>>> print(open('run-v5.cif').read())   # mmCIF, C-alpha atoms
data_coords
#
loop_
_atom_site.label_atom_id
_atom_site.label_comp_id
_atom_site.auth_asym_id
_atom_site.auth_seq_id
_atom_site.Cartn_x
_atom_site.Cartn_y
_atom_site.Cartn_z
CA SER A 1 -224.97 118.58 25.07
CA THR A 2 -227.31 118.71 22.10
CA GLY A 3 -231.00 118.37 21.35
CA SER A 4 -232.99 117.50 18.21
CA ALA A 5 -236.77 117.68 17.80
CA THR A 6 -239.11 117.33 14.87
CA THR A 7 -241.35 120.28 14.07
CA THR A 8 -244.66 119.62 12.31
CA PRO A 9 -246.99 121.94 10.37
CA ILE A 10 -250.29 122.55 12.17
CA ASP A 11 -252.34 122.38 8.97
CA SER A 12 -252.15 121.85 5.22
CA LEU A 13 -250.99 125.44 4.60
CA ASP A 14 -248.02 125.44 7.00
CA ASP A 15 -249.68 128.26 8.97
CA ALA A 16 -247.33 127.45 11.86
CA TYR A 17 -245.20 124.60 13.16
CA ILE A 18 -245.43 122.80 16.48
CA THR A 19 -242.65 121.04 18.36
CA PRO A 20 -243.16 118.75 21.36
CA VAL A 21 -241.67 120.05 24.62
CA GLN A 22 -241.42 118.17 27.93
CA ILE A 23 -242.26 120.31 30.97
CA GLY A 24 -242.07 119.22 34.60
CA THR A 25 -241.71 115.98 36.52
CA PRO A 26 -243.19 113.64 35.48
CA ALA A 27 -243.01 115.15 32.00
CA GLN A 28 -246.03 116.97 30.62
CA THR A 29 -245.62 117.16 26.85
CA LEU A 30 -247.03 120.29 25.18
CA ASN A 31 -246.79 121.20 21.50
CA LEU A 32 -245.24 124.66 21.31
CA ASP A 33 -244.73 127.15 18.51
CA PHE A 34 -240.99 127.88 18.42
CA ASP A 35 -240.76 131.60 17.72
CA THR A 36 -237.47 133.29 16.86
CA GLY A 37 -239.35 136.61 16.94
CA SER A 38 -240.20 136.60 20.66
CA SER A 39 -238.61 135.64 23.96
CA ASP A 40 -241.26 134.19 26.28
CA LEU A 41 -241.94 130.51 26.90
CA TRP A 42 -245.64 130.54 27.76
CA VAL A 43 -248.21 127.78 27.98
CA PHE A 44 -251.87 127.05 28.30
CA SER A 45 -252.27 125.86 31.87
CA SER A 46 -254.56 124.77 34.66
CA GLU A 47 -254.71 128.51 35.48
CA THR A 48 -256.03 129.57 32.07
CA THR A 49 -259.58 130.97 32.15
CA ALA A 50 -261.68 127.90 31.31
CA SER A 51 -263.72 129.59 28.56
CA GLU A 52 -260.45 130.48 26.81
CA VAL A 53 -259.28 126.86 26.54
CA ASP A 54 -260.57 124.91 23.51
CA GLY A 55 -258.75 121.64 22.91
CA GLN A 56 -255.22 122.65 23.93
CA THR A 57 -253.10 120.49 26.18
CA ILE A 58 -252.45 122.29 29.47
CA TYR A 59 -249.54 122.46 31.88
CA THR A 60 -250.59 121.77 35.47
CA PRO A 61 -247.78 122.97 37.76
CA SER A 62 -249.37 121.39 40.86
CA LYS A 63 -248.71 117.97 39.27
CA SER A 64 -245.01 118.68 38.71
CA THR A 65 -242.70 117.90 41.60
CA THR A 66 -240.07 120.26 40.18
CA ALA A 67 -242.36 123.26 39.61
CA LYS A 68 -241.85 126.32 41.81
CA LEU A 69 -243.87 129.53 41.72
CA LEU A 70 -241.63 132.44 40.81
CA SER A 71 -242.97 134.69 43.52
CA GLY A 72 -244.37 138.03 42.39
CA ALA A 73 -243.58 137.48 38.72
CA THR A 74 -246.08 138.26 35.99
CA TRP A 75 -245.95 138.48 32.22
CA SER A 76 -247.98 140.05 29.45
CA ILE A 77 -247.29 140.00 25.73
CA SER A 78 -248.78 141.39 22.54
CA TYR A 79 -247.68 140.03 19.19
CA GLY A 80 -247.41 141.78 15.83
CA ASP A 81 -250.66 140.17 14.67
CA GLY A 82 -252.71 141.68 17.50
CA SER A 83 -252.90 138.55 19.64
CA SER A 84 -251.94 138.55 23.32
CA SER A 85 -251.69 136.56 26.54
CA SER A 86 -250.68 137.08 30.18
CA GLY A 87 -250.29 135.33 33.51
CA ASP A 88 -247.86 134.29 36.22
CA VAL A 89 -244.61 132.32 36.24
CA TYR A 90 -243.16 129.04 37.45
CA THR A 91 -239.68 127.64 37.12
CA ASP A 92 -239.51 124.00 36.07
CA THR A 93 -237.50 121.49 34.08
CA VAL A 94 -237.94 121.84 30.33
CA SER A 95 -236.59 119.43 27.72
CA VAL A 96 -236.54 119.72 23.92
CA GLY A 97 -235.44 116.79 21.84
CA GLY A 98 -233.30 115.38 24.65
CA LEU A 99 -231.77 118.70 25.79
CA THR A 100 -232.74 119.61 29.36
CA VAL A 101 -232.78 122.97 31.13
CA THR A 102 -233.49 123.06 34.84
CA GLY A 103 -234.99 126.21 36.34
CA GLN A 104 -236.52 127.43 33.08
CA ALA A 105 -239.14 130.15 33.41
CA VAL A 106 -242.45 128.66 32.28
CA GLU A 107 -244.98 131.43 31.89
CA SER A 108 -248.44 130.13 32.78
CA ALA A 109 -251.32 131.83 30.98
CA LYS A 110 -254.22 133.12 33.03
CA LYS A 111 -255.65 134.87 29.94
CA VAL A 112 -255.21 134.35 26.20
CA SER A 113 -256.78 136.22 23.29
CA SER A 114 -259.34 134.59 21.01
CA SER A 115 -256.79 133.85 18.29
CA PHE A 116 -254.98 131.48 20.65
CA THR A 117 -258.15 129.87 21.97
CA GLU A 118 -259.27 129.17 18.41
CA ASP A 119 -256.08 127.32 17.53
CA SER A 120 -256.46 123.96 19.21
CA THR A 121 -253.10 122.70 17.90
CA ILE A 122 -250.85 125.28 19.63
CA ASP A 123 -250.36 124.75 23.37
CA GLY A 124 -248.08 127.79 23.79
CA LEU A 125 -244.98 129.52 22.46
CA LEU A 126 -241.27 128.93 23.00
CA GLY A 127 -239.41 132.15 22.29
CA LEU A 128 -235.99 132.05 20.67
CA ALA A 129 -235.25 135.76 20.13
CA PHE A 130 -232.93 137.58 22.53
CA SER A 131 -233.76 137.55 26.23
CA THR A 132 -233.87 141.36 26.28
CA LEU A 133 -237.41 141.03 24.85
CA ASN A 134 -238.67 138.73 27.62
CA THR A 135 -241.74 140.27 29.28
CA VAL A 136 -241.51 138.85 32.80
CA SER A 137 -241.73 141.53 35.48
CA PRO A 138 -240.17 142.59 37.79
CA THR A 139 -237.27 140.23 37.00
CA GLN A 140 -236.77 139.52 33.30
CA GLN A 141 -236.21 135.85 32.48
CA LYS A 142 -233.95 134.03 30.01
CA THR A 143 -235.04 132.04 26.98
CA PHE A 144 -234.62 128.29 26.77
CA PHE A 145 -231.71 128.80 24.35
CA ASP A 146 -230.03 131.39 26.57
CA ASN A 147 -230.26 128.99 29.53
CA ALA A 148 -228.97 126.02 27.51
CA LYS A 149 -226.21 127.87 25.65
CA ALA A 150 -223.22 127.30 27.90
CA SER A 151 -223.94 123.57 28.09
CA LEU A 152 -224.32 123.11 24.33
CA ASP A 153 -221.50 121.63 22.27
CA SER A 154 -221.70 124.82 20.16
CA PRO A 155 -223.83 127.89 21.04
CA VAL A 156 -226.21 127.51 18.10
CA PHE A 157 -229.61 126.26 17.09
CA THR A 158 -230.85 125.50 13.59
CA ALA A 159 -234.27 125.71 11.94
CA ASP A 160 -235.03 123.33 9.08
CA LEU A 161 -238.71 123.88 8.35
CA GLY A 162 -240.49 121.71 5.83
CA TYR A 163 -242.79 122.65 3.00
CA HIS A 164 -246.04 120.80 3.67
CA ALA A 165 -243.91 118.32 5.68
CA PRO A 166 -242.17 117.96 9.04
CA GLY A 167 -238.77 119.48 9.70
CA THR A 168 -236.27 119.80 12.52
CA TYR A 169 -234.99 122.12 15.25
CA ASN A 170 -231.49 121.19 16.43
CA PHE A 171 -229.68 122.67 19.43
CA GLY A 172 -225.92 122.65 19.86
CA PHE A 173 -224.78 121.27 16.51
CA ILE A 174 -224.99 121.77 12.77
CA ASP A 175 -226.20 118.71 10.86
CA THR A 176 -223.99 118.82 7.77
CA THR A 177 -226.23 116.27 6.02
CA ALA A 178 -229.27 118.59 6.19
CA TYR A 179 -228.29 121.12 3.51
CA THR A 180 -226.60 121.37 0.12
CA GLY A 181 -223.58 123.48 -0.75
CA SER A 182 -222.22 125.81 1.91
CA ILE A 183 -223.75 127.91 4.68
CA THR A 184 -223.39 131.65 4.11
CA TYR A 185 -223.19 133.64 7.30
CA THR A 186 -224.34 137.22 7.63
CA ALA A 187 -224.22 139.86 10.37
CA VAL A 188 -226.93 140.29 13.00
CA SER A 189 -228.03 143.36 14.91
CA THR A 190 -229.48 142.54 18.33
CA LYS A 191 -230.42 146.18 19.02
CA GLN A 192 -234.17 145.50 18.76
CA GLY A 193 -233.94 142.05 20.39
CA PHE A 194 -234.46 140.18 17.12
CA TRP A 195 -232.36 138.10 14.76
CA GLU A 196 -232.14 141.15 12.51
CA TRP A 197 -230.04 141.00 9.34
CA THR A 198 -229.74 142.61 5.90
CA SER A 199 -230.56 140.73 2.73
CA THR A 200 -228.54 141.78 -0.31
CA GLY A 201 -231.47 141.80 -2.75
CA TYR A 202 -234.04 139.80 -4.66
CA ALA A 203 -235.21 138.34 -7.94
CA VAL A 204 -238.66 137.40 -9.22
CA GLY A 205 -238.86 134.13 -11.14
CA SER A 206 -236.13 133.91 -13.77
CA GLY A 207 -235.68 137.69 -13.69
CA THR A 208 -232.48 139.58 -13.03
CA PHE A 209 -231.29 139.97 -9.45
CA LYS A 210 -231.82 143.43 -7.94
CA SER A 211 -229.04 144.37 -5.55
CA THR A 212 -230.61 146.30 -2.70
CA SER A 213 -230.29 146.16 1.09
CA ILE A 214 -233.36 144.81 2.86
CA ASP A 215 -233.18 144.89 6.66
CA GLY A 216 -235.46 142.37 8.32
CA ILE A 217 -235.86 139.69 10.96
CA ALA A 218 -235.62 135.92 10.75
CA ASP A 219 -238.90 134.96 12.43
CA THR A 220 -240.06 131.36 12.62
CA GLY A 221 -243.21 132.52 14.41
CA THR A 222 -244.51 134.53 11.43
CA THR A 223 -246.16 132.56 8.62
CA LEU A 224 -245.52 134.82 5.63
CA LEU A 225 -242.75 136.87 4.01
CA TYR A 226 -243.28 140.61 4.60
CA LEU A 227 -241.16 142.92 2.42
CA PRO A 228 -241.18 146.53 1.22
CA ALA A 229 -244.12 147.51 -0.98
CA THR A 230 -241.85 148.08 -3.99
CA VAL A 231 -240.52 144.50 -3.82
CA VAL A 232 -243.94 142.98 -3.24
CA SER A 233 -245.48 144.91 -6.14
CA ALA A 234 -242.69 143.72 -8.44
CA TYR A 235 -243.43 140.11 -7.44
CA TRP A 236 -247.22 140.21 -7.88
CA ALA A 237 -246.96 142.12 -11.17
CA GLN A 238 -245.70 138.82 -12.61
CA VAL A 239 -248.94 137.01 -11.69
CA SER A 240 -251.83 137.70 -14.08
CA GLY A 241 -254.85 138.91 -12.17
CA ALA A 242 -253.08 139.42 -8.83
CA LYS A 243 -254.08 142.52 -6.88
CA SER A 244 -253.89 144.03 -3.43
CA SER A 245 -257.28 143.75 -1.77
CA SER A 246 -257.97 146.14 1.10
CA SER A 247 -261.03 144.09 2.07
CA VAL A 248 -259.11 140.81 2.30
CA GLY A 249 -256.02 142.47 3.79
CA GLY A 250 -253.30 141.87 1.23
CA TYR A 251 -252.40 140.52 -2.17
CA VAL A 252 -254.67 137.88 -3.62
CA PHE A 253 -254.33 136.02 -6.88
CA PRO A 254 -256.40 133.71 -9.06
CA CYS A 255 -256.14 130.19 -7.72
CA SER A 256 -255.64 129.05 -11.35
CA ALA A 257 -252.28 130.86 -11.50
CA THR A 258 -248.83 129.29 -11.55
CA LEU A 259 -246.71 131.39 -9.16
CA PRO A 260 -243.13 132.40 -9.96
CA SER A 261 -240.32 131.72 -7.52
CA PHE A 262 -238.83 134.46 -5.36
CA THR A 263 -235.09 134.66 -4.65
CA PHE A 264 -233.49 136.53 -1.76
CA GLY A 265 -229.83 137.32 -1.27
CA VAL A 266 -227.65 136.33 1.66
CA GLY A 267 -224.33 137.98 0.96
CA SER A 268 -223.32 136.68 -2.47
CA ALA A 269 -225.48 133.57 -2.00
CA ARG A 270 -229.07 133.13 -3.12
CA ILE A 271 -232.03 131.32 -1.55
CA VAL A 272 -234.83 130.38 -3.96
CA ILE A 273 -238.38 130.16 -2.63
CA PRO A 274 -240.37 127.98 -5.08
CA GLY A 275 -243.62 129.49 -6.33
CA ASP A 276 -245.75 126.84 -4.64
CA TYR A 277 -244.44 128.01 -1.23
CA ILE A 278 -246.15 131.36 -1.89
CA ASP A 279 -249.66 129.86 -2.24
CA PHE A 280 -251.81 130.13 0.91
CA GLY A 281 -254.96 128.83 -0.72
CA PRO A 282 -258.50 130.13 -1.04
CA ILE A 283 -259.34 133.26 0.95
CA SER A 284 -262.49 131.46 2.14
CA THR A 285 -263.68 127.92 1.55
CA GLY A 286 -264.61 127.35 -2.09
CA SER A 287 -263.27 130.69 -3.32
CA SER A 288 -261.19 130.92 -6.50
CA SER A 289 -259.26 133.85 -5.03
CA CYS A 290 -256.12 132.70 -3.24
CA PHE A 291 -254.07 134.47 -0.58
CA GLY A 292 -250.47 135.34 -1.31
CA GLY A 293 -247.49 134.33 0.77
CA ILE A 294 -245.49 137.49 0.05
CA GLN A 295 -247.11 140.61 1.51
CA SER A 296 -246.17 144.21 2.17
CA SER A 297 -244.48 145.15 5.42
CA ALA A 298 -245.67 148.75 5.06
CA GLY A 299 -247.18 149.73 8.37
CA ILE A 300 -245.61 146.79 10.25
CA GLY A 301 -242.50 148.89 10.66
CA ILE A 302 -240.13 146.01 9.95
CA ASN A 303 -239.53 143.46 7.21
CA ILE A 304 -240.11 139.86 8.29
CA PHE A 305 -238.47 136.78 6.82
CA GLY A 306 -241.14 134.42 8.11
CA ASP A 307 -241.76 130.75 7.41
CA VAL A 308 -242.32 131.24 3.65
CA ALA A 309 -238.69 132.36 3.37
CA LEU A 310 -237.11 130.28 6.12
CA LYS A 311 -238.56 126.96 5.00
CA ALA A 312 -236.65 127.35 1.70
CA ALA A 313 -233.38 127.24 3.68
CA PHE A 314 -231.39 125.54 6.39
CA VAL A 315 -230.99 128.38 8.92
CA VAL A 316 -228.32 128.67 11.58
CA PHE A 317 -229.01 130.91 14.56
CA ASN A 318 -225.49 131.42 15.88
CA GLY A 319 -225.56 132.64 19.47
CA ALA A 320 -221.84 133.19 19.84
CA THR A 321 -220.66 136.32 21.66
CA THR A 322 -221.28 138.21 18.43
CA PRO A 323 -224.37 136.52 16.99
CA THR A 324 -224.71 135.77 13.28
CA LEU A 325 -227.19 134.03 10.97
CA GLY A 326 -226.36 131.37 8.43
CA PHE A 327 -228.38 130.27 5.42
CA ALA A 328 -227.90 127.28 3.13
CA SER A 329 -229.97 125.84 0.32
CA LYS A 330 -231.38 122.36 0.93
#
>>> encode(input="run-v5.cif", output="structure tokens")
Amino acid sequence: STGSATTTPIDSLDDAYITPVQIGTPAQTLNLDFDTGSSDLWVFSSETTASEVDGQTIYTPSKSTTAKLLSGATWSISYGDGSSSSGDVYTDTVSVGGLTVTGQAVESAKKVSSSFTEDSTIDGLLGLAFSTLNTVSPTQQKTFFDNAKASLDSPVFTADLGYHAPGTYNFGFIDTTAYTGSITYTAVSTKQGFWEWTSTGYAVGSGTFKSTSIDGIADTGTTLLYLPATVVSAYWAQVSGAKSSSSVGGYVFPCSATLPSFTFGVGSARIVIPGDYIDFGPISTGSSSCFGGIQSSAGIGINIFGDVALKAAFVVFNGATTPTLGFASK
């Protein structure tokens, strides 16, 4: 089997992407944030504290003839950005782009943090990291991909995120029309539960490539590119007037600037992030100070190849017995 679904930016900055997901019978369609950095499929629901729901579409398990309470199961998650959610668990039928999993754990939120409430466009998350990170207790549950894997034509999914435009998540096949040149594959460590890999280096604009190993995670659920402070300083040094602002919480730059590109290495291959992808607009409405899309990972504890990086590439998440990651230009 295969599946193919369009993923759409939630706003004009590409802060996140939402993908429609069918849950239950009859289908209840929710727009979920596909997150290769976590492993829970959780949704706003009829059980979510009413004051914590603000415009989201909810899953109502009592209206699904295929929903079953997973007795005794609870979940609770905290994300790298300080947001969190928790609740109980149902199994139900879940379909993405024509690919159906029966008996998928659907984690129903009883509580969500303010950051989730405030984002009316995101109805929940669909985790695509390794199932070892799933938070369901006392019986850990599998991701949608893990459940689908054996049925797929090939045990892969691909992320093709757009810049200020829709893109595509495919399951079970590689669309050879969706990228240019070849796909370069690189090794993955699953030891921390992530799609963790090592970039071979970077360049700023038309500058020379610096060969250096940068361990990090491919994370569709993180907006920005978080890299070591040395790398990030080298980038922003090429933007007149850019500075790290402790009050704002990262590098800012004059909105009048033209940003240089940023290149990262995948083996001997190179992915070029155009400068415009690094612009996250005014820090507050009407400001001439703009927020940068490349930020320091210092104090996160891990480097993160988030959407800024991934949307410059066609990315293969290869879930073979020994997982690997592939990147192509597009």
>>> resolve_selection(input="run-v5.cif", expression="the PyMOL selection byres ((chain A and resi 99) around 12)", output="PyMOL selection string")
chain A and resi 1-5+21-23+93-98+100-102+144-145+147-149+151-153+157+169-173
>>> resolve_selection(input="run-v5.cif", expression="the PyMOL selection byres ((chain A and resi 58-74) around 7)", output="MDAnalysis selection string")
chainID A and resid 24:26 28 43:46 56:57 75 87:93 123 136:138
>>> residues_around(input="run-v5.cif", residues="stretch 289-304 of chain A", least_positions_apart="6", cutoff="6 Å", atoms="all atoms listed in the file", output="list in words")
residues 216, 217, 224, 225, 226, 227, 228, 229, 232, 251, 252, 253, 254, 255, 278, 279, 280, 281, 282 and 283 of chain A
>>> closest_residue(input="run-v5.cif", among="A:50, A:125, A:269, A:133", to="residue A:32", atoms="all atoms listed in the file")
A:125
>>> axis_aligned_box(input="run-v5.cif", around="stretch 149-168 of chain A", padding_each_side="5 Å", output="JSON")
{"center_x": -233.8, "center_y": 122.9, "center_z": 15.5, "size_x": 34.5, "size_y": 19.9, "size_z": 35.1}
>>> atom_distance(input="run-v5.cif", atom1="atom CA of residue A:127", atom2="atom CA of residue A:187")
20.8 Å
>>> residues_around(input="run-v5.cif", residues="residue A:16", least_positions_apart="2", cutoff="12 Å", atoms="all atoms listed in the file", output="ChimeraX atom specification")
/A:7-14,18-19,31-35,119,121-122,124-125,161-167,219-224,306-308,311
>>> atom_distance(input="run-v5.cif", atom1="atom CA of residue A:327", atom2="atom CA of residue A:313")
6.1 Å
>>> closest_residue(input="run-v5.cif", among="A:277, A:262, A:130, A:42", to="residue A:323", atoms="all atoms listed in the file")
A:130
>>> atom_distance(input="run-v5.cif", atom1="atom CA of residue A:316", atom2="atom CA of residue A:159")
6.7 Å
>>> residues_around(input="run-v5.cif", residues="residue A:184", least_positions_apart="3", cutoff="12 Å", atoms="only C-alpha atoms", output="PyMOL selection string")
chain A and resi 179-181+187+199+265-271+313-318+324-329
>>> resolve_selection(input="run-v5.cif", expression="the PyMOL selection byres ((chain A and resi 273) around 7)", output="list in words")
residues 261, 262, 263, 271, 272, 274, 275, 277, 309 and 312 of chain A
>>> closest_residue(input="run-v5.cif", among="A:39, A:238, A:168, A:246", to="residue A:6", atoms="all atoms listed in the file")
A:168
>>> residues_around(input="run-v5.cif", residues="residue A:198", least_positions_apart="2", cutoff="7 Å", atoms="all atoms listed in the file", output="PyMOL selection string")
chain A and resi 200+213-216
>>> closest_residue(input="run-v5.cif", among="A:81, A:40, A:118, A:160", to="residue A:104", atoms="all atoms listed in the file")
A:40
>>> build_atoms(input="run-v5.cif", residues="stretch 150-179 of chain A", atoms="N, CA and C atoms", output="PDB file, keeping the file's coordinate frame")
ATOM      1  N   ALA A 150    -224.546 127.603  27.384  1.00  0.00           N
ATOM      2  CA  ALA A 150    -223.220 127.300  27.900  1.00  0.00           C
ATOM      3  C   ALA A 150    -222.971 125.800  27.927  1.00  0.00           C
ATOM      4  N   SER A 151    -224.046 125.018  28.007  1.00  0.00           N
ATOM      5  CA  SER A 151    -223.940 123.570  28.090  1.00  0.00           C
ATOM      6  C   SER A 151    -223.863 122.923  26.708  1.00  0.00           C
ATOM      7  N   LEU A 152    -224.304 123.644  25.684  1.00  0.00           N
ATOM      8  CA  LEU A 152    -224.320 123.110  24.330  1.00  0.00           C
ATOM      9  C   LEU A 152    -222.924 122.881  23.770  1.00  0.00           C
ATOM     10  N   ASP A 153    -222.789 121.883  22.906  1.00  0.00           N
ATOM     11  CA  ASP A 153    -221.500 121.630  22.270  1.00  0.00           C
ATOM     12  C   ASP A 153    -221.021 122.869  21.508  1.00  0.00           C
ATOM     13  N   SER A 154    -221.954 123.565  20.871  1.00  0.00           N
ATOM     14  CA  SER A 154    -221.700 124.820  20.160  1.00  0.00           C
ATOM     15  C   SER A 154    -222.918 125.701  20.445  1.00  0.00           C
ATOM     16  N   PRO A 155    -222.721 127.023  20.609  1.00  0.00           N
ATOM     17  CA  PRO A 155    -223.830 127.890  21.040  1.00  0.00           C
ATOM     18  C   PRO A 155    -224.739 128.317  19.891  1.00  0.00           C
ATOM     19  N   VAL A 156    -225.418 127.330  19.314  1.00  0.00           N
ATOM     20  CA  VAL A 156    -226.210 127.510  18.100  1.00  0.00           C
ATOM     21  C   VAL A 156    -227.498 126.716  18.195  1.00  0.00           C
ATOM     22  N   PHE A 157    -228.496 127.140  17.432  1.00  0.00           N
ATOM     23  CA  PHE A 157    -229.610 126.260  17.090  1.00  0.00           C
ATOM     24  C   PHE A 157    -229.908 126.445  15.611  1.00  0.00           C
ATOM     25  N   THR A 158    -230.545 125.449  15.004  1.00  0.00           N
ATOM     26  CA  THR A 158    -230.850 125.500  13.590  1.00  0.00           C
ATOM     27  C   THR A 158    -232.328 125.227  13.372  1.00  0.00           C
ATOM     28  N   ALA A 159    -232.892 125.914  12.382  1.00  0.00           N
ATOM     29  CA  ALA A 159    -234.270 125.710  11.940  1.00  0.00           C
ATOM     30  C   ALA A 159    -234.259 125.153  10.539  1.00  0.00           C
ATOM     31  N   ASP A 160    -234.910 124.012  10.375  1.00  0.00           N
ATOM     32  CA  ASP A 160    -235.030 123.330   9.080  1.00  0.00           C
ATOM     33  C   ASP A 160    -236.505 123.006   8.887  1.00  0.00           C
ATOM     34  N   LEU A 161    -237.265 124.015   8.466  1.00  0.00           N
ATOM     35  CA  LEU A 161    -238.710 123.880   8.350  1.00  0.00           C
ATOM     36  C   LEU A 161    -239.060 123.235   7.022  1.00  0.00           C
ATOM     37  N   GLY A 162    -240.068 122.374   7.034  1.00  0.00           N
ATOM     38  CA  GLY A 162    -240.490 121.710   5.830  1.00  0.00           C
ATOM     39  C   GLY A 162    -241.609 122.420   5.102  1.00  0.00           C
ATOM     40  N   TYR A 163    -241.661 122.222   3.796  1.00  0.00           N
ATOM     41  CA  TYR A 163    -242.790 122.650   3.000  1.00  0.00           C
ATOM     42  C   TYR A 163    -243.804 121.529   2.975  1.00  0.00           C
ATOM     43  N   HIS A 164    -244.958 121.778   3.590  1.00  0.00           N
ATOM     44  CA  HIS A 164    -246.040 120.800   3.670  1.00  0.00           C
ATOM     45  C   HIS A 164    -245.488 119.455   4.190  1.00  0.00           C
ATOM     46  N   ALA A 165    -244.573 119.513   5.157  1.00  0.00           N
ATOM     47  CA  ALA A 165    -243.910 118.320   5.680  1.00  0.00           C
ATOM     48  C   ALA A 165    -243.222 118.677   6.985  1.00  0.00           C
ATOM     49  N   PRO A 166    -242.922 117.680   7.820  1.00  0.00           N
ATOM     50  CA  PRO A 166    -242.170 117.960   9.040  1.00  0.00           C
ATOM     51  C   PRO A 166    -240.741 118.406   8.743  1.00  0.00           C
ATOM     52  N   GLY A 167    -240.137 119.018   9.751  1.00  0.00           N
ATOM     53  CA  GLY A 167    -238.770 119.480   9.700  1.00  0.00           C
ATOM     54  C   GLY A 167    -238.147 119.305  11.067  1.00  0.00           C
ATOM     55  N   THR A 168    -237.077 120.037  11.335  1.00  0.00           N
ATOM     56  CA  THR A 168    -236.270 119.800  12.520  1.00  0.00           C
ATOM     57  C   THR A 168    -235.734 121.089  13.130  1.00  0.00           C
ATOM     58  N   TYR A 169    -235.780 121.161  14.462  1.00  0.00           N
ATOM     59  CA  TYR A 169    -234.990 122.120  15.250  1.00  0.00           C
ATOM     60  C   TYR A 169    -233.886 121.349  15.956  1.00  0.00           C
ATOM     61  N   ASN A 170    -232.638 121.748  15.710  1.00  0.00           N
ATOM     62  CA  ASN A 170    -231.490 121.190  16.430  1.00  0.00           C
ATOM     63  C   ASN A 170    -230.865 122.245  17.329  1.00  0.00           C
ATOM     64  N   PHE A 171    -230.365 121.804  18.480  1.00  0.00           N
ATOM     65  CA  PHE A 171    -229.680 122.670  19.430  1.00  0.00           C
ATOM     66  C   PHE A 171    -228.287 122.129  19.661  1.00  0.00           C
ATOM     67  N   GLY A 172    -227.282 122.978  19.472  1.00  0.00           N
ATOM     68  CA  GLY A 172    -225.920 122.650  19.860  1.00  0.00           C
ATOM     69  C   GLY A 172    -225.033 122.064  18.797  1.00  0.00           C
ATOM     70  N   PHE A 173    -225.564 121.829  17.601  1.00  0.00           N
ATOM     71  CA  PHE A 173    -224.780 121.270  16.510  1.00  0.00           C
ATOM     72  C   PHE A 173    -225.407 121.613  15.173  1.00  0.00           C
ATOM     73  N   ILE A 174    -224.576 121.565  14.140  1.00  0.00           N
ATOM     74  CA  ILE A 174    -224.990 121.770  12.770  1.00  0.00           C
ATOM     75  C   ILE A 174    -224.944 120.421  12.054  1.00  0.00           C
ATOM     76  N   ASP A 175    -226.108 119.968  11.589  1.00  0.00           N
ATOM     77  CA  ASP A 175    -226.200 118.710  10.860  1.00  0.00           C
ATOM     78  C   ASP A 175    -225.770 118.952   9.415  1.00  0.00           C
ATOM     79  N   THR A 176    -224.543 118.553   9.093  1.00  0.00           N
ATOM     80  CA  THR A 176    -223.990 118.820   7.770  1.00  0.00           C
ATOM     81  C   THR A 176    -224.637 117.985   6.667  1.00  0.00           C
ATOM     82  N   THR A 177    -225.495 117.033   7.025  1.00  0.00           N
ATOM     83  CA  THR A 177    -226.230 116.270   6.020  1.00  0.00           C
ATOM     84  C   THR A 177    -227.570 116.923   5.651  1.00  0.00           C
ATOM     85  N   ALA A 178    -227.925 118.019   6.322  1.00  0.00           N
ATOM     86  CA  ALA A 178    -229.270 118.590   6.190  1.00  0.00           C
ATOM     87  C   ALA A 178    -229.381 119.701   5.141  1.00  0.00           C
ATOM     88  N   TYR A 179    -228.281 120.039   4.483  1.00  0.00           N
ATOM     89  CA  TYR A 179    -228.290 121.120   3.510  1.00  0.00           C
ATOM     90  C   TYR A 179    -227.350 120.780   2.371  1.00  0.00           C
TER      91      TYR A 179
END
